[PDB]
Every structure is written in C-alpha cells, then in structure tokens.
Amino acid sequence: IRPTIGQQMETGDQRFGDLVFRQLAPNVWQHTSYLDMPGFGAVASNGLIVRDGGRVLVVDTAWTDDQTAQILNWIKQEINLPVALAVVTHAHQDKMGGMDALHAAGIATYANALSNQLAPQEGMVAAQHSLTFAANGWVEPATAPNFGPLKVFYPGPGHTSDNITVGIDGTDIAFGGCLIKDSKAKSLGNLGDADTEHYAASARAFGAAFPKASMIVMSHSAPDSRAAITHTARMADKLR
C-alpha cells in the first residue's frame, strides 16, 4: 500500500493480494512485492514478467516464497501461459527470497554462477543453473538457452559483486535491478555488500550495454528515464 522504501501506488497499477502489477508494454509487466519491517514500514521491490511467444519469463522473485507463489497465481489468471524460466539478478532476499516457490512450480531458474555460490552465505536458495559471462559482460550463450528476448548482461561489481542486468529486445525496456537508482534518489541504497571503487563504471557499463532503452526499470523506484543511469553513475563517482 504505502511503502517506506520504493515507489507509491499510482494509476495503471493493479493490486492483487499483497502484490502490485503494472503493464509496461504489450508483453511486459512489472511485479512489486513488499517486505513489512515492524517499526520501519514496507519496502517495495520490483521485478519483471515477460510474455515471449507462448511462455512467460520472470525476472527476480518476490521477497518470500508466499509472495512469489502469488506472482505465479497472477500470471495464471492474467496471462494463462506456462512460466518457462526465471532469472534472478543477485543473491539478496528482495531478488531471490522466493526461489523455493519457483522450484516447487517446476520453473527452471538461472542466476550468475557467483550468485549461486554466494546464495547459501546470503540466506538464499541457489538457482538450478548458473550463467557465466564473457569479459565484456555479455552472458555466454550456451549457459542461457531459450531465453527469447532476454539479454542478460553482467556490468561488473556495484551494488554487489554478483549483480546482473536484463534488457528486453524489441522493447524500450532495460532492467538495472538494485544496481540502478532513480534520477531523484539521494543515496545508493544499501552499500554494505557494495564495490564502491567499481560501482560507477558498472552503472555506465549497464548504460552502454543497453544504449537504446528509454524505460529504465529498477528494484526500488518506478520506471525512469536514462537519467537514472547518469545520476546513479554520478553518485557513484563520489564514492572513490
């Protein structure tokens, strides 16, 4: 309803149980789930849902298994196609807290190899499959089969050392996950697992890997313009 961190509800948003869904393009929706800390309030976290042909691809879980099952129920009701796979963008609760729910549903899960290696140490269940990346950041094609329009890019360490990003070919949309903050943000969020030396280059690498995208989607704000990339990089420049 009214998050302490993350974007507020707005027109075009549809509420479904404890979640909020927003259509970004004919075949792309943003999913939002909330972690309610008592004495603090709710923290919104955003992922994506993509319809590619006759299947659904998910980017990021919700905070919990129950919330992620609710995402799968919303897909069932609104899209009514099989969910082929999910990619999770790093090993923290807001992006991988729901992995058990995906596995129980028979959905194949993919994450950066480093995310799977860090998962147990971060309290997460590892994905079933590991993505690896070239030196230029692009996913090694053989590790990401049947990804449809998803273009998976590892920009370098920033918010975490394992954070990855996803563009949707054929759309105006690129997803920065927790690496990218909105153009009006005052801070870079939780830096406790962050690489302050490389953060700025990582944000600029994300921008150069998805040069066309005009809708920048991120974990804790509403979709923004490319000004979110420039602003994130400039706040990061001050960390070094």
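Each form is matched to the other, and the largest set of C-alpha atoms that superpose within 1.5 Å is called the rigid core. When you see a residue number, it is the position in the sequence shown, counting from 1.
Trainee: Please work out whether 184-192 or 199-207 has the higher root mean square C-alpha deviation in 6 other deposited structures of this protein relative to the shown form, with the rigid core as fitting region?
Mentor: It is 184-192 whose C-alphas lie farther from the shown form in 6 other deposited structures of this protein.
Trainee: Of the stretches 12-20 and 217-225, which sits farther from where it is here in 6 other deposited structures of this protein, on average over its Cα atoms, after fitting the core?
Mentor: Higher root mean square deviation of C-alphas in 6 other deposited structures of this protein is shown by 12-20.
Trainee: Quick test of your reading: does residue 50 have no coordinates in a third or more of the other entries compared?
Mentor: Comparison shows residue 50 kept in all of the other entries.
Trainee: Using a one-third cut-off over the other compared PDB entries, is residue 29 one of the residues left without coordinates?
Mentor: Residue status for residue 29: no gap in any other entry.
Trainee: Comparing 82-90 with 69-77, where is the mean C-alpha B-factor higher?
Mentor: The entry gives the higher C-alpha B-factor average to 69-77.
Trainee: Test of understanding: from the entry's C-alpha B-factors, which stretch has the higher mean, 169-177 or 187-195?
Mentor: Between 187-195 and 169-177, it is 187-195 that shows the higher mean C-alpha B-factor.
Trainee: In this PDB entry, which of 146, 163, 117, 130 has the top CA B-factor?
Mentor: In the PDB entry, the greatest C-alpha B-factor among 146, 163, 117, 130 is found at 146.
Trainee: Would you mind checking where the Cα B-factor of residue 107 ranks among the modelled residues of its chain, as the lowest, middle or highest third?
Mentor: It belongs to the middle third of the chain when residues are ordered by C-alpha B-factor.
Trainee: Looking at the C-alpha B-factor of residue 214, is it in the lowest, middle or highest third of its chain?
Mentor: For residue 214, whose C-alpha B-factor we compare with every modelled residue in the chain, the answer is the highest third.
Trainee: Please say which third, lowest, middle or highest, residue 157 falls into when its CA temperature factor is compared across its chain.
Mentor: Lowest third of the chain for residue 157's C-alpha B-factor.
Trainee: How does residue 42 rank on Cα B-factor within its chain, lowest, middle or highest third?
Mentor: Answer is highest: the recorded C-alpha B-factor places it there.
Trainee: Using only modelled residues of the chain, where does the Cα B factor of residue 113 rank: lowest third, middle third or highest third?
Mentor: According to the entry, residue 113 has a C-alpha B-factor in the chain's lowest third.
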